[PDB]
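Working notes, structure below.
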Amino acid sequence: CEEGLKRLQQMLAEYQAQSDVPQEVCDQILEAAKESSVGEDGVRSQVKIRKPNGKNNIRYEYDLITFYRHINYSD
Amino acid sequence: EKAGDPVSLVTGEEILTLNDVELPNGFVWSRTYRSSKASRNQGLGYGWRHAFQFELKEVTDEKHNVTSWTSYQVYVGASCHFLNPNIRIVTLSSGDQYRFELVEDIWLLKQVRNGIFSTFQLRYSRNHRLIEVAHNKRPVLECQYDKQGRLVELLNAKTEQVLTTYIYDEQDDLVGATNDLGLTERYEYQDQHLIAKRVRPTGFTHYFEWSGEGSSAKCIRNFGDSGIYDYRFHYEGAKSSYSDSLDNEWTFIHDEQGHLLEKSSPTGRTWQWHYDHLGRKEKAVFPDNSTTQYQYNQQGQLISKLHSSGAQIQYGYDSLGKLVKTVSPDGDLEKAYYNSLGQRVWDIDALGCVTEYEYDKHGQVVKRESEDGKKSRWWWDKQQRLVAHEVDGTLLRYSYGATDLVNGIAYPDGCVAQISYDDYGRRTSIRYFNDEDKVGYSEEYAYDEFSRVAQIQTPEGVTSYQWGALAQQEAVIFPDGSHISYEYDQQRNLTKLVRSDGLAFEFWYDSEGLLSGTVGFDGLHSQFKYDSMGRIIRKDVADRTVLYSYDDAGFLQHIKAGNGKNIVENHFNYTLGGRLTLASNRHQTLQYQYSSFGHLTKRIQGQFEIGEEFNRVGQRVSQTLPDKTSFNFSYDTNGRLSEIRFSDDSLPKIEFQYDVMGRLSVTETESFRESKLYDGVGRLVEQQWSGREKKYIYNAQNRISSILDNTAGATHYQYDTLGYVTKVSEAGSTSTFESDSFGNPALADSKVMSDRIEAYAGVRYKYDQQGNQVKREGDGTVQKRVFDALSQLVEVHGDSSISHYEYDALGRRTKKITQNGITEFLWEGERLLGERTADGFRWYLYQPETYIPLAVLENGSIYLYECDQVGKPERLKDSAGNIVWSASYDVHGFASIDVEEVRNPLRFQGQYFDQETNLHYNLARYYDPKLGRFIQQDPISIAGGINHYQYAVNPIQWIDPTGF
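Residue numbers (the deposited numbering), protein chains in the order written: chain B, 1133 to 1196, 1206 to 1216; chain A, 149 to 217, 237 to 1131.
If you want it as structure tokens, here you go:
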């Protein structure tokens, strides 16, 4: 279960979305749809918008382990 | 373990951990319970440690005695080495990248490193009690006893104010917490120093029951206040079992040492682990037929990990360092460099672009250098706070308020943002300023009596949240006045979602806790069958089925989709670790080819081949295209596309220039130039094309209110409190609309059952059990469409014209058959690349990061586009500067073509307009410009919005590419 406190960051993250569904249900919904979210694996795209993505705003936003780089696998 | 709310599985010990203060610097002050061995008193009560009091009983023989609870130790990794004898330096240095340096003659520990940038310094008083805690050098914390050796208050040593107020009782144990936030949590124990009940500050009380007596008791029947968490534990020998409030029993079997050997599931899934007598896992057995074998060399380090019917990772270390080389059993392999100071540098991944790091006399990073730009610069003051940060040439500025919280942010364009703070954290207001005296886009946040967000005020409205005393978002109130409520069940699972209209979305869960059925507002049903590993196998839609099938490796292999007619039968071939490269169906067989190091240098789409070349820095240059035409792409500093050249000498080049913020600012050619100008917030307000000027004027609600055009254009829009378009006036007339605050027409010529419309503007539509529009009868025109089993249009007729569509194995349209002929399309990933209409090859060029078209090549000629801030093509002109294509779109998005010298099927964003059906198909769906809504539902209906047929709030400031 989940008993921790929801800070302002998580509230602002779920506020800017458009689903109004918790993450545990949204992830299950996205996992239940595999035939529509299929894409090329290992192909660098230059569209910055994936298939599981969708509606977005035209306004620009530049709001502000964080020093190194996960190479492939950090067990 | 920790299966119970906070209880163990190998034993009945109850362990609970809470944090008292959470400073923005990174200081953490926690405390554990440790029900086992709760007879001693360390100054914080019977069996209570503040997680900052370490104690080595003797010089080396005795245990370190962690707060949670050479003579090398292979099982745990201890490396306690003595030092100079007078001042007894020990420096435990266990295998958990810690270092507990203790000193004799004073009995205290200091220099607790937790990485490279995490340190702690202690300072005790004349007695054996700590009185000062510091991060690196400056005073941070301060204790205050009550002349009995019991901690009560905790000061900040910079501002006189209590942080945590412990409240004890007549039994020498705390019964109150009073933490930093100001939430008092009560605890009542038994007569043997065993916890009995714990009352949360919100009002939820947990209870505990013990079976045994003393320190060897077992905690069973851990129930809540109203049966929300009804956990029943049962221990017998070396096997334990526990069941939650949903009658789901999970069993575990351990060994004598205490490691996990076997784990069972109420469905039948079993996990097994076999060790190699040295405390390291050797064999792992999953519920499915697959065994993972670990192989270790001297000192272990997990040098080999082989999976059944697969490959191995083969980690690498030189003598004692971190990961030095990663094999990556695919065509690539990567490496790094590690000296005996940390600061990993010279990381060579699959491609080039090595990563160099330059530091200062301290341990923080200063400069991060890569190939072809991508340089990161950081500036540090006398303290550890960041001052200047440059990622791509911005050089932002940060100003503090004599505290550890950011107060002001300065941009290189003059925009200054100021943040206000109260006596606590949880910032409540943020404002943005400019070079002039004005206010814009200011957000406020107000909290309730607890530490939860109560309401948020935005220039658009006010959104409120009401909790059910458990922090689960019981209800949400919109600025308009409507409310959305949630109803949960045992174990806090989402069950019902109700809104103001009256319809309710329902969910169902199986014995494993996964989603096993959804009932929508209009009325649907699902099963969501899963295998013994947690992967969807059968969708089991009320009318159709998908029938996934894997290849016992973790990737999808086959899709036998079909509801009795028009079977799909999609096939794929995944390799070890991705690299699909193959997708076959009855219509298209997409194939791909990779290089040695790994690069999509050759793609095959039926009978067409594209091909492309990569550079040393991984950038794609000299792009190859069929019919023997090639492009040339150049770059510059910071790694951005600024020059595009063609293989034909009779074609001009395009030059791009960015602003100080990193956005596309100017695009120019030999006979064309486009300039864009913002207002300082991030919204386009002015556009110039050297002969055409467009301006945008916003209202107080941050919405496009007026659009002024030089060529006889002045359009005005007025919206409602939510944002839906209420009225629009272009030149002489005002068109008005209405809605029910949910995306449905509420005029006198509307009719909806639950969410779908039945009649609009005298046009009737028919829906089937799946929810798609199969029949459309207007004012004398009947249109009948037949779809596939994957919610995609197959054929359309009824208007004295037959049209058929054929897609690939990825859902992209490949063939379109109609009365005009056969049209073949060429896709590049998720964006349309070109098309063939048996009369030549057309190539569509778009922006490097967006879907805005710029130029189109046809018959050795190039035509430049002119679009607005939305991204829809408005004008198209040749190289001579004459009007070749010009049209005007309405509020709904209907094309009114005036000059039709050349055909232009482009639309808002990546969509394709059909001449025979008047529909916009972008990637997987169809949009009707004469209606304003889609004709079919998407599989992201509940995770993409409330209304399933709604495109957007308003097509003036919102886009929706890639279909759903």
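All C-beta atoms in this analysis are idealised placements derived from N, C-alpha and C, irrespective of residue type, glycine included.
Local conformation of residue i per DSSP, three classes
i               : result
residue 821(A)  : strand
residue 1147(B) : helix
residue 684(A)  : strand
residue 520(A)  : coil
residue 193(A)  : strand
residue 503(A)  : strand
residue 808(A)  : strand
residue 1034(A) : strand
residue 497(A)  : coil
residue 1115(B) : The structure shown does not extend to residue 1115(B), since chain B is modelled only from 1133 to 1216, so the question has no answer here.
residue 693(A)  : coil
residue 1054(A) : strand
residue 1203(B) : Between 1196 and 1206, chain B has no modelled residues, which means residue 1203(B) does not appear in the coordinates.
residue 250(A)  : coil
residue 657(A)  : coil
residue 508(A)  : coil
residue 792(A)  : strand
residue 1140(B) : helix
residue 625(A)  : strand
Residues near residue i in its chain [Cβ-Cβ closer than 8 Å; skip 5 each side]
i              : result
residue 219(A) : Note on chain A: numbering goes from 217 to 237 directly, and residue 219(A) within that interval has no coordinates.
residue 619(A) : 632, 634 and 638
residue 380(A) : 359
Test item: CB-CB of residue i and residue j under 7 Å
i              : j              : result
residue 678(A) : residue 433(A) : yes
residue 376(A) : residue 388(A) : yes
residue 160(A) : residue 398(A) : no
residue 448(A) : residue 438(A) : no
residue 837(A) : residue 968(A) : no
residue 891(A) : residue 906(A) : yes
residue 649(A) : residue 908(A) : yes
residue 407(A) : residue 416(A) : no
residue 728(A) : residue 976(A) : no
residue 758(A) : residue 771(A) : yes
residue 805(A) : residue 540(A) : yes
residue 512(A) : residue 524(A) : yes
residue 364(A) : residue 372(A) : yes
beta-carbon residue i near the ligand GDP non-hydrogen atom, thresh 6 Å
i              : result
residue 322(A) : Looking at this structure, you won't find the ligand GDP or any other ligand, since it has none at all.
Residues of its chain near residue i, where Cβ-Cβ distance is below 6 Å and the 5 sequence neighbours each way are ignored
i               : result
residue 494(A)  : 481 and 500
residue 1096(A) : 1059, 1060 and 1061
residue 454(A)  : 436, 437 and 699
residue 542(A)  : 536
residue 869(A)  : 626
residue 366(A)  : 353 and 372
residue 1045(A) : 1030 and 1051
residue 719(A)  : none
residue 348(A)  : 618
Own chain, CB closer than 7 Å to residue i, minus 5 neighbours either side, in chain order
i               : result
residue 871(A)  : 863, 865, 884, 1123 and 1124
residue 1026(A) : 1007
residue 327(A)  : none
residue 313(A)  : 319
residue 394(A)  : 412
Exercise. With contact counted as at least three CB pairs below 8 Å, one residue from each stretch, are the stretch 1158–1178 of chain B and the stretch 1108–1123 of chain A in contact?
Worked result: The stretch 1158–1178 of chain B vs the stretch 1108–1123 of chain A: in contact.
Problem set entry | Segments of 3+ residues assigned as beta strand (DSSP E) that fall wholly inside the stretch 259–336 of chain A | Qualifying beta strand (DSSP E) stretches, in chain order: 266–270, 275–280, 288–291, 297–301, 306–312 and 318–322.
For this session: Say whether the stretch 836–852 of chain A touches the stretch 580–594 of chain A, bearing in mind that this needs 3 or more beta-carbon pairs closer than 8 Å, one atom from each stretch.
Result: Touching, yes, given that three or more Cβ pairs across the two stretches are closer than 8 Å.
Exercise. Are there three or more Cβ pairs, one per stretch, closer than 8 Å when the stretch 748–762 of chain A is compared with the stretch 983–991 of chain A?
Worked result: Taking one beta carbon from each stretch, the stretch 748–762 of chain A and the stretch 983–991 of chain A have fewer than 3 pairs nearer than 8 Å; the two do not touch.
Exercise. Do the stretch 1115–1129 of chain A and the stretch 1185–1195 of chain B touch if we need at least three Cβ pairs shorter than 8 Å?
Worked result: Touching, yes.
Problem set entry | Ranges of the beta strand (DSSP E) found wholly within the stretch 545–602 of chain A, counting only runs of at least 3 | Contiguous beta strand (DSSP E) elements confined to the stretch 545–602 of chain A occur at 553–557, 563–567, 573–577, 583–587 and 596–600, taking only those with 3 or more residues.
Exercise. Where in the stretch 854–897 of chain A do unbroken runs of the beta strand (DSSP E), each at least 3 residues long, occur, reported from the N-terminal end onward?
Worked result: Counting whole runs of 3 or more residues, the stretch 854–897 of chain A contains the beta strand (DSSP E) stretches 860–865, 871–876, 880–886 and 892–896.
Exercise. Which whole runs of the alpha helix (DSSP H) in the stretch 375–438 of chain A are 4 residues long or more, in chain order?
Worked result: Runs of the alpha helix (DSSP H) inside the stretch 375–438 of chain A: none found.
For this session: Decide yes or no for the touch test of the stretch 1067–1077 of chain A against the stretch 1026–1043 of chain A: beta carbon pairs closer than 8 Å, at least 3 of them.
Result: Contact between the stretch 1067–1077 of chain A and the stretch 1026–1043 of chain A is present: three or more C-beta pairs spanning the two stretches fall below 8 Å.
Exercise. Mind pulling the beta strand (DSSP E) runs of 3 or more residues that sit fully within the stretch 738–784 of chain A?
Worked result: Complete beta strand (DSSP E) runs here, min 3: 749–751, 756–760 and 769–772.
For this session: Take every Cβ of the stretch 793–800 of chain A, pair it with every Cβ of the stretch 814–821 of chain A, and state whether three or more of those distances are shorter than 8 Å.
Result: Output reads yes: the stretch 814–821 of chain A touches the stretch 793–800 of chain A.
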